[PDB]
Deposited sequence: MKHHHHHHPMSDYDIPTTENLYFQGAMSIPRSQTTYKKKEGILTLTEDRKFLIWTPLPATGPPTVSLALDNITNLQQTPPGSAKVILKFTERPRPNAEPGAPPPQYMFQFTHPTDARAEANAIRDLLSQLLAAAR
């Protein structure tokens, strides 16, 4: 009792499109940021979103035409809120990949 545990499995990396480009959606090793990087995934991420600034996560329902996760960010101190949609594109595993990254995130987000 009172033991606190953190996640210790491999961080999921998901084949996803963002603004119609293909790339990889993952978290940083410290599990503090959601990141998306365009293929070939040599470079830095195009999207880097602090878990601390995510205010919502939504999904297309299972059996939808597309598998999509939608992240809403805290409005920046520069003034509707920023949103990011990632379409899961693995031919067979799209929904399982979305579930996995969703399940990780919602665990990290609820713990804070």
* Residue ranges with no C-alpha coordinates, please: along the deposited sequence, counted from 1, in order. => 1-18, 98-101, 135
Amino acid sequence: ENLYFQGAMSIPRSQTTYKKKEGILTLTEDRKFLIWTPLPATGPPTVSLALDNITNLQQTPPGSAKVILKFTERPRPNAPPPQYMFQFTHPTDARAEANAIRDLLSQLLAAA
From here on, numbers count along this sequence of modelled residues.
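We call the rigid core whatever largest set of C-alpha positions still superposes within 1.5 Å between the two forms.
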* Which of 10-18 and 91-99 strays further in 5 other deposited structures of this protein - Cα RMS after rigid core alignment -> 10-18
* Asked: Looking at the deposited entry, does 70-78 or 42-50 carry the larger mean Cα B-factor?
  -> 70-78
* Structure fact -> Here the Cα B-factor of residue 60, set against its chain, lands in the third termed lowest
* Please rank the C-alpha B-factors of the chain's modelled residues and tell me whether residue 13 sits in the lowest, middle or highest third. => middle
* Compared with the other modelled residues in the chain, in which third is the CA B-factor of residue 21? -> middle
